Amino acid sequence: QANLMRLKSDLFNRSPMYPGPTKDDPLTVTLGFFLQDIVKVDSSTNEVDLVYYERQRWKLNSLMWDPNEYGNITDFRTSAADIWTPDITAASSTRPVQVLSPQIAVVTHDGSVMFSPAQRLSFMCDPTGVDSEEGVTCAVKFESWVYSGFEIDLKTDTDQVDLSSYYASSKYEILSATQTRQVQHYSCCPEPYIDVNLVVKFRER
Amino acid sequence: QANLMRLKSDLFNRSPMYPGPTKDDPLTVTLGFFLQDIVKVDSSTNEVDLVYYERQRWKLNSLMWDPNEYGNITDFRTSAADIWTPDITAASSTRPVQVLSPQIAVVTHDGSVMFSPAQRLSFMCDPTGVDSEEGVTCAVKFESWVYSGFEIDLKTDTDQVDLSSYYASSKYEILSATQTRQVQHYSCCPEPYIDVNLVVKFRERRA
Amino acid sequence: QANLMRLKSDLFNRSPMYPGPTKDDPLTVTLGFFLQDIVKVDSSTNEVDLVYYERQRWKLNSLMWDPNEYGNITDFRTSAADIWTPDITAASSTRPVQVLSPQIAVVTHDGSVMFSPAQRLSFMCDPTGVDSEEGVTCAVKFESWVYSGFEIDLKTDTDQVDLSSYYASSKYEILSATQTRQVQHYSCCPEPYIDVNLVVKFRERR
Amino acid sequence: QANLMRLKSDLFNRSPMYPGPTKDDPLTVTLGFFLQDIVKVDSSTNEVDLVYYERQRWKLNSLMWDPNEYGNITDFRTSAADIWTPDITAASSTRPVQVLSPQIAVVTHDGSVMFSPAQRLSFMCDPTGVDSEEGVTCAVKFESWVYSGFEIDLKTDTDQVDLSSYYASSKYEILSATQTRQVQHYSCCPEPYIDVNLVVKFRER
Amino acid sequence: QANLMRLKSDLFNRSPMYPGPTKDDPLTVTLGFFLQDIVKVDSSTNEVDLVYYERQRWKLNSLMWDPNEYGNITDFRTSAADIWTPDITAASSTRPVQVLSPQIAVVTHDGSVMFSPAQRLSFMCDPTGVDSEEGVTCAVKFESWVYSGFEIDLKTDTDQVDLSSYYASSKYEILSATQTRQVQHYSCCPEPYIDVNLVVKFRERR
Ligand SMILES: *[C@@H]1O[C@H](CO)[C@@H](O)[C@H](O)[C@H]1NC(C)=O
Ligand SMILES: *[C@@H]1O[C@H](CO)[C@@H](O)[C@H](O)[C@H]1NC(C)=O
Ligand SMILES: *[C@@H]1O[C@H](CO)[C@@H](O)[C@H](O)[C@H]1NC(C)=O
Ligand SMILES: *[C@@H]1O[C@H](CO)[C@@H](O)[C@H](O)[C@H]1NC(C)=O
């Protein structure tokens, strides 16, 4: 405990918080989605509600340490308020995101940070054809609200959405679920626009 | 990072927050609306729900810096809790406005601030005629709740509401959407208020 | 800005907040209601929902200043958390009051404070007869939860509720809306309370 | 106001907050209920919703003063955040208690504190027979969540629930309403566990 | 009171909060469930709502004291904000867990902490067959969100789900209720991931 207290003090009390990336010092953030349940579908309003968690990872040199100097501690957990976190947002949400997990992150000795908030999300989606055999396809884009592709680069570690925690007796069954980095370039402008597109194909079970 | 950390420390940790405008030192705020979706319409209660984001811009001398003194940094991002933001409110909302985006602002070296919160709003609107070809018109005023036109002047950069992010498979299609500066006098108060009136003409999509 | 920063520092950082009125130093608070919309009516539960804002005004000597000493500043805006505010409550609400406006007050150099929160309120009311020509009457009392009439006196400046912000195409139309100072007696206590009774007569816009 | 400011400063700024009762220094808390309205009854979920206010009184030597030393002030009002308050809870609530009044208490010079929060409560109750002439009886227990009867003794000042503020045009009428202290002793342990049982008999009007 | 005030000051004001367990200094946390009511069932969305309380126990050397030095105080109560608490979460909730009790823990002189929050939970469960004699079976997993089995070793304090506080006139009756630790190992990683699985068999009471 003494070792961890000394480590947290050295990281958080001495130096200030990471102020965020700039064009000179950009930051890669990796996203992965873990789908738990398609809870409901509203054809009256074209809204769908998803429960999932979202693994976010980035790496900062200011959060590095030598385990030997701190009783061989290789990682620790801390409140997400104690560190900078990225502003990743669902671009087409229709209600505030409801947080289902504690807001706590894992920091490892190489300066890697992992933050995995569980969420209930309502987003825009026309569910006509969900009651058929072919099903329906909906998509939602995740992006940094205020950082361009020159400051925050988004990527995924895999293209497959993890369905290992997907509830077997959900009202809706998953035909397909992918997560894909998309880069948009406009003729006008030099900076790319980056998003991660979550595409889910599903139908009534 | 060192340069940005020093800059944020100089701006936020040394000086206090901007205390808001006065009659001697008024402030112009520019508003632009970006409509995403008319989510629902309730004829039983005459309430309509809109999803949109709202670009707010203002300029403060207290947030200025010289890029040369901070490694040529021309701008940065910060939590909206770190700065004063204006008290712009929908005057006819029926439920508290729900925030859909992170509360983060962009500050540039000339002291300009840009803050663009995404929002879900329920407001008063009679939707009779939405199922027709002519559609229905609703209006909602946005204004400072407590600053008169002598302290906060509102403007728009354009009169056309941006529909580029509008959801193609919405139940409702937009016939027209304008944003217009107005001057209001209220029974409460002798000082006039400035509002931006968002007027949207829409109907059920025949799809 | 320098002048306003110095003023706010002199008022809020040096002295403590006003601790509230006592029997020796009572306080008058003026209330006006501005009705916006009767949003819904629930006959299954006898609940009605109102959207309105409530203008509250009082005066404190501890919030006075000389404009000459502060660049001719005659007033300013500040978070309602920075000042004492009165504990005015709807006595017959059935749900917590939902706040629709920022919690910000106007303070003027004579020590006058104006605080005007916009609110959605659910309160107890039997709406039988709302679909008729005569309509229905509902009433809700606003009062200090813990200060008697010897500490907080409530008044209104007018007996007519302001309907200038009332939504023209509301499902419900207003036949009458008054705001009236009363004295309220509780079994518990010998001291009377002052309330403002908001009485609204309305019907379906047929 | 100078006298009241000095008094509040002497009580709250100098000493810390009362840390709660112990077995050596127990505390009596008195509870009284004032019923305003039975708002709804849900037979689909066996939930009933009540609006009421709850008078809580206790007495602390740490909140005593001599009126002569403070301009003859015999009492004052203060935010409930400035003082310790008891952890009285409805044991059979089905939703978080919703607070309908400002969180403010009255403190008197003998160290008595009165705190009377207005509340909307959903609690477990089977309302079968509410539409009959006999009506239906429901009960809800109030207790300290973490203090045993050796630390907090609960009592009522009367056994009759005050119905003087009960809404005349409620959908439901009250046939009877009592509030009664109950003590439970367990084989395991020496300490008694105390609750106040609020029993309400009612029917459709 | 003086003794308890001095104790709380020595524990909380001098030292910082316990920063959480590590691989070098792991922590055992016990969970036990006390089921109060199955409030509702939604077959349209396959959601069920449960009211229960959850007894959590762990032990820390940083919260130890000698009763002789503090007027023979063997235990006290404190706000859960004053201490580290474990990050136990329902992994299959569909809405944020609603807290029904005050957030207060019991700390004893050997450094044992007991924290028992009451909660309303909506979780994923297909209730087809709840209206039958056989009933329906649902499960909900509880786990530390961010601590592996190398940091928090999570277990049950008892083998029985306590049904003694279960409401007799609930719409639903409990046929069976178990609580069980489960361990998962992944190809990626050496550390085990632990959950406690609450399995409840129930049906409509008629
Ligand atoms: C430090 O921990 C690592 C991780 O398991 C292990 O390989 C090593 O044996 C430990 N070293 C010491 C000095 O304890
Ligand atoms: C800032 O810009 C000037 C001119 O382009 C350049 O010489 C200088 O190296 C820059 N300063 C830093 C610290 O990068
Ligand atoms: C503004 O300040 C100057 C300071 O000398 C004073 O002469 C003047 O009277 C003030 N304005 C008003 C309207 O009082
Ligand atoms: C602690 O216990 C001793 C007996 O061993 C007793 O005499 C003493 O009074 C106790 N202390 C307090 C403060 O009660």
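Just so you know, these numbers use all the heavy atoms, side chains as well, and skip hydrogens, waters and symmetry mates. Quick note on labels: first sequence line is chain A, next is B, and so on, each numbered from 1. First listed ligand is number 1; within each ligand, the first listed atom is number 1.
Less than 4.0 angstrom separates atom 14 (O) of ligand 1 from at least one non-hydrogen atom of the protein. Atom 5 (O) of ligand 4 is not flagged as protein-proximal [any protein heavy atom, distance under 4.0 Å]. Shown here, atom 11 (N) of ligand 1 is in close reach of the protein: a heavy atom of it lies under 4.0 Å off.
Ranking the protein heavy atoms by distance from atom 3 (C) of ligand 3 puts C:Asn72 ND2, 3.7 Å first.
Using bins of under 30°, 30° to 60° and over 60° for the plane-to-plane angle, the ring pair C:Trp65/C:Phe76 lands in the tilted bin.
Set against the non-hydrogen atoms of D:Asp24, the atoms of ligand 4 under 4.0 Å away are 14 (O).
Note that the CH2 atom of B:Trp145 and the OH atom of B:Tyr193 stand 9.5 Å from one another [nearest 0.5 Å].
Side-chain contact between A:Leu27 and A:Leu60 is present, with heavy atoms from C-beta onward closer than 4.5 Å. Looking only at side-chain heavy atoms (C-beta outward), E:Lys155 and E:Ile194 stay at 4.5 Å or farther from each other.
Across all their heavy atoms, A:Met5 and E:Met17 have their closest contact at SD-O, 4.3 Å.
Using a 4.0 angstrom heavy-atom cutoff, E:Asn68 does not count as in contact with ligand 4.
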